[PDB]
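K.L.:
Right, I'll just put the structure down here and ask away after.
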Amino acid sequence: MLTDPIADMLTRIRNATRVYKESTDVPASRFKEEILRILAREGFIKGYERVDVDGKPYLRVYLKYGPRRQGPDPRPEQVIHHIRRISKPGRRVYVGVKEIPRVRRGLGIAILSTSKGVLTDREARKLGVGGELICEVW
Amino acid sequence: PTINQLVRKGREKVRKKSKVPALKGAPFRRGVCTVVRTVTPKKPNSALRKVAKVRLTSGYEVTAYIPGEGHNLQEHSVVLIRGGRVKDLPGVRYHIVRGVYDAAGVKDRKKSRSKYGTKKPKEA
RNA sequence: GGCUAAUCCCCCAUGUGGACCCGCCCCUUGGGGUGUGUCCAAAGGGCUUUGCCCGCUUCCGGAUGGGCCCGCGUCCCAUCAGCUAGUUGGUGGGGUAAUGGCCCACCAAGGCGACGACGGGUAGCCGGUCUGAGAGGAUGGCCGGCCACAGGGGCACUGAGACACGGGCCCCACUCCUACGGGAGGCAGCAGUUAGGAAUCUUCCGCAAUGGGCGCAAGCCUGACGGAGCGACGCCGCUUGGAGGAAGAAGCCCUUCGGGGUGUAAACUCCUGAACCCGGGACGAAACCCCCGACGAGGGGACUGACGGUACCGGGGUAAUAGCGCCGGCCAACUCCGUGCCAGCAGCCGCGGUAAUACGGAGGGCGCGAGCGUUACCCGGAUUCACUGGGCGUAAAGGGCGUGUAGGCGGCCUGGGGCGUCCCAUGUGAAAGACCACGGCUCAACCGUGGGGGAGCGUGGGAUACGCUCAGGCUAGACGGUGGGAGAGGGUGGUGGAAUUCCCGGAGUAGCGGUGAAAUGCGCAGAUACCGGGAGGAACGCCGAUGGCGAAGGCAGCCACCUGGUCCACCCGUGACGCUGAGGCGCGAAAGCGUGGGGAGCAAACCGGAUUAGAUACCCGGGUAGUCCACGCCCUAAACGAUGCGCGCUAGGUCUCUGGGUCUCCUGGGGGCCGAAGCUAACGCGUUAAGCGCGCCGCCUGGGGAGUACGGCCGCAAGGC
RNA sequence: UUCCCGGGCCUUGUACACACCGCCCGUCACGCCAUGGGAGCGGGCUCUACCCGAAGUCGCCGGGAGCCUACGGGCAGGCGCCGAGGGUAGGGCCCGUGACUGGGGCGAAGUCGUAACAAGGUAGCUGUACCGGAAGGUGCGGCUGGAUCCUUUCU
RNA sequence: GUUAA
RNA sequence: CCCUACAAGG
Ligand SMILES: NC[C@@H]1O[C@H](O[C@H]2[C@@H](O)[C@H](O[C@@H]3[C@@H](O)[C@H](N)C[C@H](N)[C@H]3O[C@H]3O[C@H](CO)[C@@H](O)[C@H](O)[C@H]3N)O[C@@H]2CO)[C@H](N)[C@@H](O)[C@@H]1O
Ligand SMILES: [K+]
Ligand SMILES: [K+]
Ligand SMILES: [K+]
Ligand SMILES: [K+]
Ligand SMILES: [K+]
Ligand SMILES: [K+]
Ligand SMILES: [K+]
Ligand SMILES: [K+]
Ligand SMILES: [K+]
Ligand SMILES: [K+]
Ligand SMILES: [K+]
Ligand SMILES: [K+]
Ligand SMILES: [K+]
Ligand SMILES: [K+]
Ligand SMILES: [K+]
Ligand SMILES: [K+]
Ligand SMILES: [K+]
Ligand SMILES: [K+]
Ligand SMILES: [K+]
Ligand SMILES: [K+]
Ligand SMILES: [K+]
Ligand SMILES: [K+]
Ligand SMILES: [K+]
Ligand SMILES: [Mg+2]
Ligand SMILES: [Mg+2]
Ligand SMILES: [Mg+2]
Ligand SMILES: [Mg+2]
Ligand SMILES: [Mg+2]
Ligand SMILES: [Mg+2]
Ligand SMILES: [Mg+2]
Ligand SMILES: [Mg+2]
Ligand SMILES: [Mg+2]
Ligand SMILES: [Mg+2]
Ligand SMILES: [Mg+2]
Ligand SMILES: [Mg+2]
Ligand SMILES: [Mg+2]
Ligand SMILES: [Mg+2]
Ligand SMILES: [Mg+2]
Ligand SMILES: [Mg+2]
Ligand SMILES: [Mg+2]
Ligand SMILES: [Mg+2]
Ligand SMILES: [Mg+2]
Ligand SMILES: [Mg+2]
Ligand SMILES: [Mg+2]
Ligand SMILES: [Mg+2]
Ligand SMILES: [Mg+2]
Ligand SMILES: [Mg+2]
Ligand SMILES: [Mg+2]
Ligand SMILES: [Mg+2]
Ligand SMILES: [Mg+2]
Ligand SMILES: [Mg+2]
Ligand SMILES: [Mg+2]
Ligand SMILES: [Mg+2]
Ligand SMILES: [Mg+2]
Ligand SMILES: [Mg+2]
Ligand SMILES: [Mg+2]
Ligand SMILES: [Mg+2]
Ligand SMILES: [Mg+2]
Ligand SMILES: [Mg+2]
Ligand SMILES: [Mg+2]
Ligand SMILES: [Mg+2]
Ligand SMILES: [Mg+2]
Ligand SMILES: [Mg+2]
Ligand SMILES: [Mg+2]
Ligand SMILES: [Mg+2]
Ligand SMILES: [Mg+2]
Ligand SMILES: [Mg+2]
Ligand SMILES: [Mg+2]
Ligand SMILES: [Mg+2]
Ligand SMILES: [Mg+2]
Ligand SMILES: [Mg+2]
Ligand SMILES: [Mg+2]
Ligand SMILES: [Mg+2]
Ligand SMILES: [Mg+2]
Ligand SMILES: [Mg+2]
Ligand SMILES: [Mg+2]
Ligand SMILES: [Mg+2]
Ligand SMILES: [Mg+2]
Ligand SMILES: [Mg+2]
Ligand SMILES: [Mg+2]
Ligand SMILES: [Mg+2]
Ligand SMILES: [Mg+2]
Ligand SMILES: [Mg+2]
Ligand SMILES: [Mg+2]
Ligand SMILES: [Mg+2]
Ligand SMILES: [Mg+2]
Ligand SMILES: [Mg+2]
Ligand SMILES: [Mg+2]
Ligand SMILES: [Mg+2]
Ligand SMILES: [Mg+2]
Ligand SMILES: [Mg+2]
Ligand SMILES: [Mg+2]
Ligand SMILES: [Mg+2]
Ligand SMILES: [Mg+2]
Ligand SMILES: [Mg+2]
Ligand SMILES: [Mg+2]
Ligand SMILES: [Mg+2]
Ligand SMILES: [Mg+2]
Ligand SMILES: [Mg+2]
Ligand SMILES: [Mg+2]
Ligand SMILES: [Mg+2]
Ligand SMILES: [Mg+2]
Ligand SMILES: [Mg+2]
Ligand SMILES: [Mg+2]
Ligand SMILES: [Mg+2]
Ligand SMILES: [Mg+2]
Ligand SMILES: [Mg+2]
Ligand SMILES: [Mg+2]
Ligand SMILES: [Mg+2]
Ligand SMILES: [Mg+2]
Ligand SMILES: [Mg+2]
Ligand SMILES: [Mg+2]
Ligand SMILES: [Mg+2]
Ligand SMILES: [Mg+2]
Ligand SMILES: [Mg+2]
Ligand SMILES: [Mg+2]
Ligand SMILES: [Mg+2]
Ligand SMILES: [Mg+2]
Ligand SMILES: [Mg+2]
Ligand SMILES: [Mg+2]
Ligand SMILES: [Mg+2]
Ligand SMILES: [Mg+2]
Ligand SMILES: [Mg+2]
Ligand SMILES: [Mg+2]
Ligand SMILES: [Mg+2]
Ligand SMILES: [Mg+2]
Ligand SMILES: [Mg+2]
Ligand SMILES: [Mg+2]
Ligand SMILES: [Mg+2]
Ligand SMILES: [Mg+2]
Ligand SMILES: [Mg+2]
Ligand SMILES: [Mg+2]
Ligand SMILES: [Mg+2]
Ligand SMILES: [Mg+2]
Ligand SMILES: [Mg+2]
Ligand SMILES: [Mg+2]
Ligand SMILES: [Mg+2]
Ligand SMILES: [Mg+2]
Ligand SMILES: [Mg+2]
Ligand SMILES: [Mg+2]
Ligand SMILES: [Mg+2]
Ligand SMILES: [Mg+2]
Ligand SMILES: [Mg+2]
Ligand SMILES: [Mg+2]
Ligand SMILES: [Mg+2]
Ligand SMILES: [Mg+2]
Ligand SMILES: [Mg+2]
Ligand SMILES: [Mg+2]
Numbered sequence: 001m002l003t004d005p006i007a008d009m010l011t012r013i014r015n016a017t018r019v020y021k022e023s024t025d026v027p028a029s030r031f032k033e034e035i036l037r038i039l040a041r042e043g044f045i046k047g048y049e050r051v052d053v054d055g056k057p058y059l060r061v062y063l064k065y066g067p068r069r070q071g072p073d074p075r076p077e078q079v080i081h082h083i084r085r086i087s088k089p090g091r092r093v094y095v096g097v098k099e100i101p102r103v104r105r106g107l108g109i110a111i112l113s114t115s116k117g118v119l120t121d122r123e124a125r126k127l128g129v130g131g132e133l134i135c136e137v138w
Numbered sequence: 005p006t007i008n009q010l011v012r013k014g015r016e017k018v019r020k021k022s023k024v025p026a027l028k029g030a031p032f033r034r035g036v037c038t039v040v041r042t043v044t045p046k047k048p049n050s051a052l053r054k055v056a057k058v059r060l061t062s063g064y065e066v067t068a069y070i071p072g073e074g075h076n077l078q079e080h081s082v083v084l085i086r087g088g089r090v091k092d093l094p095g096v097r098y099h100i101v102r103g104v105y106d107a108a109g110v111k112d113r114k115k116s117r118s119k120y121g122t123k124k125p126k127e128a
């Protein structure tokens, strides 16, 4: 049994992108799907989709990467350079709207789960609400 | 350590020990000379370093250095201690202030005079 | 003992009203109303004297001040773990303005504690202050708020208010006065003395201003306060001069003796004028009071300045204090002489041993300047207790292993609630300070006015993604079923062969043994070597592996019984039943301890032989404990992978043990090696992670002192934690 | 070409690096300093039991014992509970001293050997146990953090 | 035997 | 002061 299904997903993604996999599967859950929605919308991933692995519900996350590169080590730059869990079981992180961080001067994002739904730090600031600071990406 | 452990035990603010028990953490302390000895430095060095055993008003009896070339201290010279050890004399952690009490200021001193307690000589 | 006044005390009356008992109503803890009964008021004085002023009585309300209560927050030690009899609650009283074990009678047996009670140590707490990018750390002097105390301890009286710093009573210590019976006293008010200390001021002026007490007022009191004095203690403003001036006096320092430096610095010329000296001379002060008016509004009038003949103005007017630290690196600034591991320097690194940029002096230089250094202390740098923001294979650090208690943490779907969380509004957030703006002292320091702040907590309303809780569902985690498997896993009993030792018999004879070489030793009481028999103890050769099993310690001949773990298959049942785990409990190599037994071989100690300069050793000959068994202790370790447990994720190749399958090979569990990505100070690690992540536990925080001392707990002890 | 002396190349261990004529351990001697245990000896705190108990509030009495009285009652006075403090006995705790006594830190060039680092010359380390001027030696078990295929200390 | 280069 | 700046020796 996982202790942080969210952290699990951020890692499955982190580990996969690191070996340039085309896609990667993660145990399904609405909340998790909602986070995926934003990653897609934000262009961190090509997108995702429900799928059934051996009868159980998963979520194929289609990863993105830059172009092949020059010199030695032609591996492409990452779209998702950094994906880190903030709030965690036994150290949940909550923020009021005036406390929502600005990831890399805007170049990156923050994902909070508010009572108005899961939102990017901008979406949250816009709707004027705070919530649980789930993670950060860039 | 986990956050839970931090909640359970927290961190420990560690305090520092004084390098100078001149009690009241007074900047100086008065005392009387019990013994006026001479001492040999450690390893790298060699010389007859001048030290004094002082019985403090703080109830302590510590050895203090007698800086400078001069020096007129005897077994009853009343003097003021200040703290400042001597890298060469293990155990010597204080300096006797020259120019105060029975401690004469170094005579003929013409440079760092304010240390060594030496008044300004007339120039002409 | 006697006399006497009042705004002193008392009785009677009046009763607006109020208090109390009982009833009813409203309201909801003792709030408000109402009815009967009862109980309760008072002080006079002044005059500009037929009417005003000061004041008195009762009641309701306001205002200010305060008491008590509750939530939350508030240092270190667990080497303080159990604390409690007014203790916890009850009923009825006492007490108070008032609730309450606040106090008492009686009844009950409770209350508190690892979310740290109890005990010990330290300490007045805030607004703030200092530091810091922040988070935070440190702090609580001055000023403002609250508390507490008034030589130490207890106590009440008076009063609206005190259990009262300059009131009272008692005890104690101390001082002083005593005709010795007995008395007086309390600067932690201002100033001053003395003691202690490194260290902290005038026995000042004034009540003019602000503020306070009493008075109708005049006014009286006010060491509160407003000022002056002393101390570079701090901060800010100012001076010791400005311009000219030589290819450059002298002196002094270097030198290659040519010259270079101090340096336009001085001298000297001119200019301005800190000090000082005259003359003027404040603001802070207009009220109270008085007259008009109406003792109101409004309008007039008079008195009053400690600071101080000070500030500030105007006139005149002298060129007129500079010191201290430092100069090897860090760190800005170099030469000569003296000295010779001396004398001495030193924040850390270090410097001095006869050419020292480091000592001491000098010349020169750097820094800051009425200061400059030193010592002490706080924050910083120190992400060096790491929340922001660290770690544990070899650097300090994984607990010797397990079981599992509290606790922390928790898979997928739906619904309720709305505790956490988020949002709006609103109350609170004193002043000062901090920040910004503007303004007042010529500036500044200092000061004034204005602006802007927020966290936190209260209240009302709202949201429901996540965490929580309740309710229902699920099957991917977990557990179970059925069928199979491999294993030195554990416990008990039995049993087999090899070898050593010993005893017995045979045979046989001169040595054997041991070493580098020897000797001790053993042998003619016949040893060694050889054959046969017997007894006993201990350990299991080959198989055997780089192998297997176990949580670790650890486990190996063979057989039986009893018993733990684990792996695979089939997807059969349960339906989140999970992970971790402080403390507890159990296990725990060897050595060691107790009681009893055993004792072949080995062997601490020890007895000897050698070796050696010695030889309390290494080599050789003996040999006790012990090594073995039962039972009970001990609880350690290089108890090691020097790597806590679980889970998910991230190339492969190769060897191997064990299982399943359509059996080149595929799939699962385990054991190794090399390697993708990645990690690492490196070495290395690398699907058996030291990679990427989540959860929980343990632990580290420079070396020595020291795993010591003390305390506790444990053990028979050794000793362990 | 085994050995002695000097040397070249590869490799390995190392705690050496003015580099084996290196490094380095413990006892002991001399000097300075902090400190543990400690009979006895004094100072203080604290808890328990019993006893004595000022002031004062409160409660009872207040009587043909006192004062006032409008006879209701008041005052004085007496007694009691509580009670600051004190006494005796006992128990714990802390501080000073302390004969004698244990070890420790530190101080260029004193003494004895040579334990460790290279296979350090008997691989080392280790828990325990006994033993010895000292470092150590030996037993049993463990680990690798062990080199490789006569005898001899120092600097 | 100590301390240096 | 002889050794090398010393310790120790003469
Ligand atoms: N401070 C050292 C501690 O005590 C012991 O060491 C001490 C003694 O063993 C040692 O003594 C040495 C001696 O071993 C060596 N063979 C000769 C030397 N002269 C002595 O030296 C000692 O004494 C002289 C005066 O005589 C002092 O000048 C010197 O500083 C001092 N260390 O000196 C130490 C005294 O400071 C431990 N072995 C050591 O591990 C521990 O840390
Ligand atoms: K009535
Ligand atoms: K009132
Ligand atoms: K109140
Ligand atoms: K009661
Ligand atoms: K504080
Ligand atoms: K504070
Ligand atoms: K008027
Ligand atoms: K003038
Ligand atoms: K001049
Ligand atoms: K010379
Ligand atoms: K110099
Ligand atoms: K510091
Ligand atoms: K350990
Ligand atoms: K243990
Ligand atoms: K809901
Ligand atoms: K089985
Ligand atoms: K013989
Ligand atoms: K094996
Ligand atoms: K025995
Ligand atoms: K590397
Ligand atoms: K102990
Ligand atoms: K005991
Ligand atoms: K040969
Ligand atoms: Mg993550
Ligand atoms: Mg990331
Ligand atoms: Mg912290
Ligand atoms: Mg030296
Ligand atoms: Mg110092
Ligand atoms: Mg009379
Ligand atoms: Mg009368
Ligand atoms: Mg009256
Ligand atoms: Mg009435
Ligand atoms: Mg009426
Ligand atoms: Mg009511
Ligand atoms: Mg009523
Ligand atoms: Mg009525
Ligand atoms: Mg009446
Ligand atoms: Mg009551
Ligand atoms: Mg009452
Ligand atoms: Mg009580
Ligand atoms: Mg306490
Ligand atoms: Mg105090
Ligand atoms: Mg910081
Ligand atoms: Mg104050
Ligand atoms: Mg008091
Ligand atoms: Mg006093
Ligand atoms: Mg008193
Ligand atoms: Mg008192
Ligand atoms: Mg009083
Ligand atoms: Mg007084
Ligand atoms: Mg004095
Ligand atoms: Mg003053
Ligand atoms: Mg006044
Ligand atoms: Mg006044
Ligand atoms: Mg007076
Ligand atoms: Mg004043
Ligand atoms: Mg001063
Ligand atoms: Mg000039
Ligand atoms: Mg004048
Ligand atoms: Mg005026
Ligand atoms: Mg005026
Ligand atoms: Mg007046
Ligand atoms: Mg009139
Ligand atoms: Mg007027
Ligand atoms: Mg002139
Ligand atoms: Mg420089
Ligand atoms: Mg000299
Ligand atoms: Mg100097
Ligand atoms: Mg210097
Ligand atoms: Mg100044
Ligand atoms: Mg810090
Ligand atoms: Mg530190
Ligand atoms: Mg951290
Ligand atoms: Mg670290
Ligand atoms: Mg080590
Ligand atoms: Mg280590
Ligand atoms: Mg372990
Ligand atoms: Mg549990
Ligand atoms: Mg959940
Ligand atoms: Mg839960
Ligand atoms: Mg809520
Ligand atoms: Mg505010
Ligand atoms: Mg607010
Ligand atoms: Mg304010
Ligand atoms: Mg201005
Ligand atoms: Mg303001
Ligand atoms: Mg609210
Ligand atoms: Mg719910
Ligand atoms: Mg459910
Ligand atoms: Mg089912
Ligand atoms: Mg089965
Ligand atoms: Mg077995
Ligand atoms: Mg025979
Ligand atoms: Mg025969
Ligand atoms: Mg013989
Ligand atoms: Mg014969
Ligand atoms: Mg035989
Ligand atoms: Mg036998
Ligand atoms: Mg196994
Ligand atoms: Mg083992
Ligand atoms: Mg099924
Ligand atoms: Mg467990
Ligand atoms: Mg054991
Ligand atoms: Mg044993
Ligand atoms: Mg035994
Ligand atoms: Mg026995
Ligand atoms: Mg033997
Ligand atoms: Mg011999
Ligand atoms: Mg032997
Ligand atoms: Mg091992
Ligand atoms: Mg653990
Ligand atoms: Mg493999
Ligand atoms: Mg495998
Ligand atoms: Mg395999
Ligand atoms: Mg790589
Ligand atoms: Mg590898
Ligand atoms: Mg893992
Ligand atoms: Mg690692
Ligand atoms: Mg530890
Ligand atoms: Mg230690
Ligand atoms: Mg020990
Ligand atoms: Mg031990
Ligand atoms: Mg050779
Ligand atoms: Mg060659
Ligand atoms: Mg070699
Ligand atoms: Mg090397
Ligand atoms: Mg060397
Ligand atoms: Mg009594
Ligand atoms: Mg009484
Ligand atoms: Mg009475
Ligand atoms: Mg008493
Ligand atoms: Mg003692
Ligand atoms: Mg002894
Ligand atoms: Mg010395
Ligand atoms: Mg050895
Ligand atoms: Mg050796
Ligand atoms: Mg050797
Ligand atoms: Mg040997
Ligand atoms: Mg050896
Ligand atoms: Mg041993
Ligand atoms: Mg022996
Ligand atoms: Mg061994
Ligand atoms: Mg080794
Ligand atoms: Mg020898
Ligand atoms: Mg020697
Ligand atoms: Mg040698
Ligand atoms: Mg020697
Ligand atoms: Mg030297």
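Chains H and L supply the protein sequences, listed in that same order. Heads up: the first sequence begins at 1 in PDB author numbering, then just goes up one per residue. Heads up: the second sequence begins at 5 in PDB author numbering, then just goes up one per residue. Quick reminder that beta carbons are idealized off the backbone N, C-alpha and C, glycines included.
Considering only the beta carbon of each residue, do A28 (chain H) and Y48 (chain H) sit closer than 8 Å?
P.N.:
Translated into the one-based positions of the first sequence, residue 28 (chain H) becomes position 28. Translated into the one-based positions of the first sequence, residue 48 (chain H) becomes position 48. It is not a contact, given that the beta carbons lie outside the stated cut-off.
K.L.:
Is the beta carbon of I13 (chain H) sitting closer than 8 Å to the one on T24 (chain H)?
P.N.:
Position 13 of the first sequence, counted from the first residue, corresponds to residue 13 (chain H). Position 24 of the first sequence, counted from the first residue, corresponds to residue 24 (chain H). Against a cut-off of 8 Å, the Cβ pair of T24 (chain H) and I13 (chain H) comes out as a contact.
K.L.:
In terms of residue numbering, what span does the alpha helix (DSSP H) encompassing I111 (chain H) cover?
P.N.:
To locate residue 111 (chain H), count along the first sequence from 1; it is residue 111. Here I111 (chain H) belongs to no alpha helix (DSSP H); instead the beta strand (DSSP E) covers 109 to 114.
K.L.:
Report back the beta-carbon spacing between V43 (chain L) and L93 (chain L) to the nearest angstrom; my notes put them in contact at under 8 Å.
P.N.:
Within the second sequence, the letter at position 39 stands for residue 43 (chain L). Within the second sequence, the letter at position 89 stands for residue 93 (chain L). Sure, about 6 Å apart at Cβ, within 8 Å.
K.L.:
Alpha carbon to alpha carbon, what distance is there between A68 (chain L) and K20 (chain L)?
P.N.:
What you label residue 20 (chain L) is simply residue 16 of the second sequence in a count that begins at 1. What you label residue 68 (chain L) is simply residue 64 of the second sequence in a count that begins at 1. Rounded to the nearest angstrom, the two C-alpha atoms are 23 Å apart.
K.L.:
Under the three-state reduction of DSSP, which class applies to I6 (chain H): helix, strand or coil?
P.N.:
On the first sequence, residue 6 (chain H) is found 6 positions in, with the first residue counted as 1. Note: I6 (chain H) maps to helix in three-state DSSP.
K.L.:
What do you get for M9 (chain H), buried or exposed, if any count of 16 or more other CB atoms within 10 angstroms of its CB means buried?
P.N.:
Residue 9 (chain H) sits at position 9 when you count from the first residue of the first sequence. So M9 (chain H) ends up on the buried side.
K.L.:
Do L60 (chain L) and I100 (chain L) have their beta-carbon atoms positioned less than 8 Å apart in this structure?
P.N.:
The residue labelled residue 100 (chain L) in the question sits at position 96 within the second sequence. The residue labelled residue 60 (chain L) in the question sits at position 56 within the second sequence. No; because the gap between Cβ atoms is not below 8 Å, this pair is not in contact.
K.L.:
Note down, in chain order, each residue of its chain lying with its Cβ closer than 7 Å to the Cβ of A16 (chain H), except the 5 sequence neighbours on either side.
P.N.:
The residue labelled residue 16 (chain H) in the question sits at position 16 within the first sequence. If we look at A16 (chain H) and ignore the five residues flanking it on each side, its Cβ neighbours are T24, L63.
K.L.:
Count the C-beta pairs between the region 126 to 138 of chain H and the region 84 to 99 of chain H that are closer than 8 Å, then say yes if the count reaches three, no if not.
P.N.:
Verdict: yes, contact present.
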